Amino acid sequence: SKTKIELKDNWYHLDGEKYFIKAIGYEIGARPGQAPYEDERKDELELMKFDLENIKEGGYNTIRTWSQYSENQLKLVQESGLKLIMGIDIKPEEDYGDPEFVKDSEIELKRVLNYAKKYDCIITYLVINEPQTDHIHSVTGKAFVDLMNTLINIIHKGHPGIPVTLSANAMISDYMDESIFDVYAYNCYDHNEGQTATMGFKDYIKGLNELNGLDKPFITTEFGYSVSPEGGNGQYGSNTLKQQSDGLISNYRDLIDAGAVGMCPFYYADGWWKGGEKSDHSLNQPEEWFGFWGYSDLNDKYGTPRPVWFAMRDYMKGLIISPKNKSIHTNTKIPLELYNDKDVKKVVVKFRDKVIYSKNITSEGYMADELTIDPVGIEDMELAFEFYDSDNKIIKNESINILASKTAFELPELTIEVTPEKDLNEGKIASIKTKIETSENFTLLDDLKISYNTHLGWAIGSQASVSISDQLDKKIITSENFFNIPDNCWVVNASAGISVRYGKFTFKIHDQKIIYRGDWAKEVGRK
């Protein structure tokens, strides 16, 4: 009777049915005045009942955590009907190679699994969160990989059938091999800097998925925006409520477009502890203002949803997986993939105010179909989707923008050559040489960007904007930019990118190279 989980065609299947994970990040024990990593462990069942009910009403089918629940907490989640992506508290800053830290991790995990195995609401284990690049270099990647392998095997034995992965951050662990895990996963934030400035959000994360080999399901384990009054820099911190809402919707679309089949927006509610003073809501700490819910004051245990909550609820009712936004098609047949909740009874697709598709939905969840189009030459197309309830009232609009032709056609192409090319030990100074092959009706925007991201903590390293106004009409456009290589840079992501337009369709062309210092990453790095 227990849930059968099957991974195929890069989807999770639950009991034979494709299942799009609509999760939210959720941290119990983090109300004003509380600190979940220092308090004595408490089940907090009354507050969890409140939370799980709100999360069901917000439209989510899953919760994502960073720490083990007790058996009593699992029972409550089980009863709720929600699924669970359970995080294990393996401290990221500890020495993975210390025999005693490994042993203590093995014992704690086995203790959890001993009771957790009897709760089939658990659909994925996350064995660690955001291990830092310098730390791994410091304790050696071999130690990191060995630790991952121990934890994976323990879980495969102790709770059979449950996928295992980790919440690695995409901006700092782009280099990392994930093929030992059952599922590819990343914390993915879009601040439009470094990799997300050159490639865009969609294409950056899409690129990582392609490097990983498109052979397993991909899920996001975090994404979002902080509404702190002050602090941080750029889009990290200091967003308005509206920017938070619009940002979440933008991220949801982009990450589906990158190939994801599971989503864990960040997160349910603010954690005042995250900035140092747990009884104070600090005006200038971004980390304390990521919630979809906010508290009025220190004695408020309930709080209130911010605008993002309602935007996300309304948006999640009918998800478009295919076609993808900013996708390019050389065929008259366009695959259609939707994941609908039970309120969706009709879907319509229009182009230039003409119906091109119309189906009554008999059955909630995943469905697949095909569109026919008839593009003249190359045509940018805004496909306008409409979702209807049982009263035949529209409940969601969403556009998918595609570029299509019956026949294949030439795109403009950007490639880079990087120095040093393979080994950062071979020089103290780097270059990125950029080459852009133009193409007739693909207008470049004067927005060429270059990133040499040296992976020093969260710092994104050097970034350059290069004007190409002088080279507009030329067939090949080139640039050469130089960067000093820090001695303690162990890996660099070198990238460049520029915006292209055909009609109303705007996209980015780009290239990316990941380059190591010496052989430190022979174990941990992607083959």
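The first residue of the shown sequence is 1; numbering continues from there.
Trainee: Going by the mean C-alpha B-factor recorded in the entry, which is higher: 87-95 or 252-260?
Mentor: It is 87-95 that shows the higher mean C-alpha B-factor.
Trainee: Going by the mean C-alpha B-factor recorded in the entry, which is higher: 101-109 or 309-317?
Mentor: Per the PDB entry, the higher value belongs to 101-109.
Trainee: If I read the C-alpha B-factors straight from the PDB entry, which of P265, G194, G303, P420 is highest?
Mentor: Each of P265, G194, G303, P420 was compared by C-alpha B-factor; the highest is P420.
Trainee: Highest Cα B-factor in the PDB entry belongs to which of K42, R64, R31, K56?
Mentor: Reading the PDB entry, the winner on C-alpha B-factor is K42.
Trainee: Please place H13 in the lowest, middle or highest third of its chain according to the CA B-factor in the PDB entry.
Mentor: Tercile = middle for this residue's CA B-factor.
Trainee: Would you mind ranking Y204 by its C-alpha B-factor against the rest of the chain and naming the third, lowest, middle or highest?
Mentor: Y204: CA B-factor falls in the lowest third of its chain.
Trainee: Among all modelled residues of this chain, ranked by Cα B factor, put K354 in the bottom, middle or top third, i.e. lowest, middle or highest.
Mentor: Middle third, going by the recorded CA B-factors of the chain.
Trainee: Could you tell me which third, lowest, middle or highest, the C-alpha B-factor of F505 occupies within its chain?
Mentor: According to the entry, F505 has a C-alpha B-factor in the chain's middle third.
Trainee: Among the chain's modelled residues, which third holds the C-alpha B-factor of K22?
Mentor: As the PDB entry reports it, the C-alpha B-factor of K22 lands in the lowest third of its chain.
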